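Quick notes on the structure that follows.
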Amino acid sequence: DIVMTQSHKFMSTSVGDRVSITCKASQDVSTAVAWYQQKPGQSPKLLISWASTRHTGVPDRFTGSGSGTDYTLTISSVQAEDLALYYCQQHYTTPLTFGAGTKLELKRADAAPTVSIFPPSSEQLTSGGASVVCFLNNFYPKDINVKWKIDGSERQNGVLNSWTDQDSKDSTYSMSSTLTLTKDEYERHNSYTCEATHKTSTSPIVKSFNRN
Amino acid sequence: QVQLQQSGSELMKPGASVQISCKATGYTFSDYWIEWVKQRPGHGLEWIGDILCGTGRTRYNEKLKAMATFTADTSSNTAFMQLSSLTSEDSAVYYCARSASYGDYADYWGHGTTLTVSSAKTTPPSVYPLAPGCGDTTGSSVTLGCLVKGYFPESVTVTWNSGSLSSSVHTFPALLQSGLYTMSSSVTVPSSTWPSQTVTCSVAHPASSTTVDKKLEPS
Amino acid sequence: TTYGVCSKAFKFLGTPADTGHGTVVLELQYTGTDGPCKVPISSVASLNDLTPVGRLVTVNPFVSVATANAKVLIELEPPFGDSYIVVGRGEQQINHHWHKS
């Protein structure tokens, strides 16, 4: 079948710049190629059909071009609202095939995370559980390392970290760190500390709450 | 207005058979092809096949390790897809799309229905509120949130309802642990507005047909 | 082998040409992948009535492939006076006016 291969999946660019996600088909798909945009937790959205036809409700900063076997989706003056997953699809013949997609990411100035720490909810403690939460928000670059310290000593057991995609407002990343303990454990201690190590700080950026 | 309303997400036993519905409105149902696109969580997009609602003609991606069947009920203007002999391989978000008049590309997609093939039982999540401790008197903004813990299958929607016009929300992808998915969402608002304003995260879990409303309270 | 009537919209390439023989020759671009399929084309008097009044000179117009962007050549003998060359139906029906002196 026709194989659709797009340019490097994790490409970067800076707001306002011009980018080009390319799409190669294993054979001449005679100009019959479309591009879709897919934002986190959203249905795909049609951008371009037949290599260059721009769909309505699509800003002219989005232009496609291509033929034979090569197709390009150019985004002039990239915006933060353009952060998304982009797929190309050939509509030359069945079976219809899509490219693996290209994730548009942005380059921006570094930014120190704003750390927030949260104790277990009254609701959960009452149920036998105890989860402590830490949000490291609006920071850049994505690279960041967080550690939990209970009464001074580090604890890695029972931790889960989840990163967000780049935020469309300030193009920063955010991460959620959850430490799950038993009600008993949580109540035998006092100081819960969440420490963030990021390039925007020489020392660990830390936040704590203080009771069991 | 062309729109496609699909059936809700569902958890099915492997081997079982399911039917996803796709109700079309806002256009001449019979003059178009409804596409069925599959997307396994970590994967991209793959064409399952389509059906010309007006004639019933079907085209299947023969090579897919899955048994699909398309039917079009022109009476209700609904396209269905029957998936039998389910496998963990068929677990994915299934989209309903409309094939454009000018080619085999889709110009309208449904919001997708999530199908999880597993012998595990449906577990709604516990929605725990996330509020600051005691001695902190945060700066110009306070960040609150909700921890959506221990649920299955995946895909939950966390929509926040705040009283302040400023509410920057961050939704963090779910992660598996002990067979259960855990996830969270944060929302930041003006410090002056909390805890006087009402900030709640309504957590929708289509698979369990539930939606939990959590009003944040000072912890 | 062969299927039903083409379900996708077509596109006119250029503009119908007079053959100086009483017929017009037009080139169409088909956008579907459902071929081989029969081209739904006809010469009608008014858009208010799609009853074929003109006649196709080209024998059973068809898209012989199951690949998109297929182009097809058609010769028609439209009635005298006003008429329309209509291709497709439903929401993907397109037409082109014409007048034969």
Side-chain angles (χ1 to χ4, degrees), chain A residues 30-32 49-50 53 91-94 96, chain B residues 2 24 27-35 50-59 72 74 77 79 98-107, chain C residues 1-17 19 23-79 82-100:
Chain A
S30 192
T31 274
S49 66
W50 284 98
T53 307
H91 44 92
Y92 179 63
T93 198
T94 65
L96 297 184
Chain B
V2 171
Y27 75 88
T28 312
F29 184 68
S30 69
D31 296 340
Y32 296 77
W33 284 81
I34 286 176
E35 307 300 293
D50 49 24
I51 178 167
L52 215 198
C53 300
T55 73
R57 185 192 167 184
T58 58
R59 291 187 299 177
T74 45
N77 289 169
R98 186 242 238 165
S99 189
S101 288
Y102 279 122
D104 295 69
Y105 55 97
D107 50 7
Chain C
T1 51
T2 294
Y3 300 102
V5 186
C6 302
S7 62
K8 298 303 193 172
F10 290 70
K11 200 177 188 184
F12 282 96
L13 308 168
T15 293
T19 62
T23 67
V24 315
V25 176
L26 52 66
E27 230 185 313
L28 295 176
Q29 168 181 292
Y30 185 49
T31 67
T33 64
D34 57 335
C37 52
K38 188 177 184 299
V39 181
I41 182 166
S42 54
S43 180
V44 292
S46 91
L47 299 176
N48 300 309
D49 192 313
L50 281 28
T51 294
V53 299
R55 91 155 198 295
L56 261 53
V57 178
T58 295
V59 167
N60 205 339
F62 256 73
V63 172
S64 281
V65 296
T67 51
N69 212 201
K71 72 171 188 172
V72 303
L73 191 56
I74 311 79
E75 176 169 33
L76 298 67
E77 173 169 294
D82 267 31
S83 76
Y84 298 100
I85 302 78
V86 175
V87 185
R89 181 44 180 171
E91 288 184 35
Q92 38 288 323
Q93 165 180 301
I94 66 166
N95 58 67
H96 187 303
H97 175 263
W98 189 265
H99 178 79
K100 181 175 183 184

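All heavy atoms count here, side chains included; hydrogens, waters and symmetry mates do not. So that the names make sense, note that chain A is the first sequence line, chain B the second, and so on, each numbered from 1.
Between the side chains of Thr33(C) and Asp104(B), a donor-acceptor pair is found at a separation under 3.5 Å.
Within 6.0 Å of the CZ atom in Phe62(C), the count of heavy atoms belonging to other residues, nucleotides or ligands exceeds 12. Crowding of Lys38(C) atom NZ: a count of heavy atoms from other residues, nucleotides or ligands under 6.0 Å exceeding 12.
Here the straight-line distance linking atom CG of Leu76(C) with atom OG of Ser43(C) works out to 6.0 Å at 0.5 Å rounding. Expressed to the nearest 0.5 Å, how far OG of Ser42(C) lies from CZ of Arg55(C) amounts to 15.0 Å. Put simply, CD1 on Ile34(B) and CG on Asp50(B) are 10.0 Å apart, with the number rounded to the nearest 0.5 Å. Note that CG of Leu73(C) and CG of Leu26(C) are 7.5 Å apart. Values are rounded to the nearest 0.5 Å. From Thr23(C), atom OG1 reaches atom CD of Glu75(C) across 3.5 Å, with rounding to the nearest 0.5 Å. With rounding to the nearest 0.5 Å, the separation of CG in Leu47(C) from CG in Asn95(C) is 4.5 Å.
Counting only heavy atoms from C-beta outward, the side chains of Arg89(C) and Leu50(C) approach each other to under 4.5 Å. Between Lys71(C) and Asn69(C), the closest side-chain pair of non-hydrogen atoms is not below 4.5 Å. At least one side-chain heavy atom of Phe12(C) sits less than 4.5 Å from a side-chain heavy atom of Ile85(C). No side-chain heavy atom of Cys37(C) sits under 4.5 Å from any side-chain heavy atom of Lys8(C). Contact annotation: the side chain of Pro36(C) approaches that of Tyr3(C) to within less than 4.5 Å [non-hydrogen atoms, C-beta and beyond]. Two residues are said to be in side-chain contact when any heavy atoms from C-beta on lie closer than 4.5 Å; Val87(C) and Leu28(C) meet this criterion. Side-chain contact between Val24(C) and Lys100(C) is absent, with no heavy atoms from C-beta onward closer than 4.5 Å. Between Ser49(A) and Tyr102(B) there is no side-chain heavy-atom pair separated by less than 4.5 Å.
Nearest approach of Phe10(C) to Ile94(C), heavy atoms of both residues: O-CD1, 3.6 Å. Here the closest non-hydrogen pair linking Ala24(B) and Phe29(B) is CB-CD1, 3.5 Å. Across all their heavy atoms, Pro79(C) and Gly54(C) have their closest contact at CD-CA, 3.8 Å. Closest approach of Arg57(B) to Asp34(C), counting heavy atoms only: NH1-O, 2.9 Å. Residues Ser7(C) and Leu52(B) share a closest heavy-atom pair of CB-CD1, 3.6 Å. Contact record, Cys53(B) with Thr74(B): O-CG2, 3.3 Å, taken as the closest heavy-atom pair.
Between the side chain of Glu91(C) and the backbone N or O of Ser101(B) there is no donor-acceptor pair closer than 3.5 Å. Panel note: side chain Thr67(C), backbone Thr93(A); no donor-acceptor pair is recorded below 3.5 Å. Without hydrogens or angle criteria, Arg98(B) side chain to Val2(B) main chain gives no donor-acceptor distance under 3.5 Å.
Aromatic ring pairs are classed by plane angle as parallel below 30°, tilted from 30° to 60° and perpendicular above 60°; the pair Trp50(A) and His91(A) is perpendicular.
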Verdict with reasoning, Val39(C) to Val63(C), per side chain to side chain contact (heavy atoms under 4.5 Å, CB included): CA-CA 7 Å; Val39(C) 181; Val63(C) 172; 4.2 Å; yes
